[PDB]
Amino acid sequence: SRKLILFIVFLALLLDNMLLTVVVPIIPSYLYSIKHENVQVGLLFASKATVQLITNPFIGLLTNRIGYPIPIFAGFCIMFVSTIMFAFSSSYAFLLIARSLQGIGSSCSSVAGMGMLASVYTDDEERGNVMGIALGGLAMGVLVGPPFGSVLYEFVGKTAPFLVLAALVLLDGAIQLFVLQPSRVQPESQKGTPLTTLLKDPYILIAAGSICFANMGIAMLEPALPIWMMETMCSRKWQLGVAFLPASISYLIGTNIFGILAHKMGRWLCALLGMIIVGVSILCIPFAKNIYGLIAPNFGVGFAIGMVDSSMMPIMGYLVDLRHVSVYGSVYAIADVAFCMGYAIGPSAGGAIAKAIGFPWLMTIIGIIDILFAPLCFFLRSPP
């Protein structure tokens, strides 16, 4: 009965991404009103992703000393605290602190949950399936966040989305306490291989780079696309919001189905095809003239990112099992660092490049990089 661990990881990722995507619509207007009585949003997101990026190696090393359950419960506690502060804080410094705490909790939950899933599902196929489900939960939380927040804001109040999220967080924490039971400290049997040896592995580097570039695609998509839309198509705000819906839906479907299909098609082949597809979709994005012209490339981008994630995340554990000690804190900390590497420079830089050179040139460069990195996944195939 280890499906409870999968449910806990699923819930943690879902609620974390739900908070990360639900805070967005409300705070900036209140910040502007407070200042009186676009860029700072990207600064908030960069802060959260950067704090998650810094914490990842530390949590990876910590999971080898105190085990997984205590980091998971700590992630839950920090995530609850950040949700409460989001509910009650109205200034900018407190909201920045809330974002940083949410980043720490994101690092804890993601790294420890992936490590626990890898350590529990030792089969190479079941591992792929369960982390495909976990990434599908991440995508589900991303997709549900904004509609849930808008509905609760219109129905009850501004604090309602965060209070309901905090109630769900308390339910998840009660489940964790009942199942995980982080009463004592349980060190792992074998000392983990240091990251200095892990970053020296070309295959782990290749998988991490594939994840990093695949996520960098959408990471620089998010803040630069609305400006280009308003400049060329003069599109409306609802059209801007709808634009990323195909990406989220395709990401959810891709994660859920390719967590299973990667082991059938071949993880290396799935990653190569995903990189090619995301490169082609990003190349085709600038040529669109209407939102209907971006419905298909966004779907391709989401599907390809789901392919790459749900293929490379299992391959990380497979590689660390094959050529390293069977401990998954450090390698999945590396994978989280790969995620945050794109998600942290996205908001901060994407605008800068989209202003220095044209948005079509930026997206052409990103797509060319992804296409050229696609053949590097050829080296991740198994000899037998």
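So that the term is clear: the rigid core is the largest set of C-alpha atoms that superpose within 1.5 Å between two forms. When you see a residue number, it is the position in the sequence shown, counting from 1.
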Can you check whether 296 to 304 or 200 to 208 lies farther from the displayed model in 8 other deposited structures of this protein, averaging C-alpha distances as RMS after superposing on the core?
296 to 304
So if we fit everything on the core, which stretch drifts more in 8 other deposited structures of this protein, 112 to 120 or 242 to 250, C-alphas only?
242 to 250
How about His36: is it missing from at least a third of the other entries compared?
yes
Between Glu37 and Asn38, how many deposited residues lack coordinates (none, 1 to 3, 4 to 9, 10 or more)?
10 or more
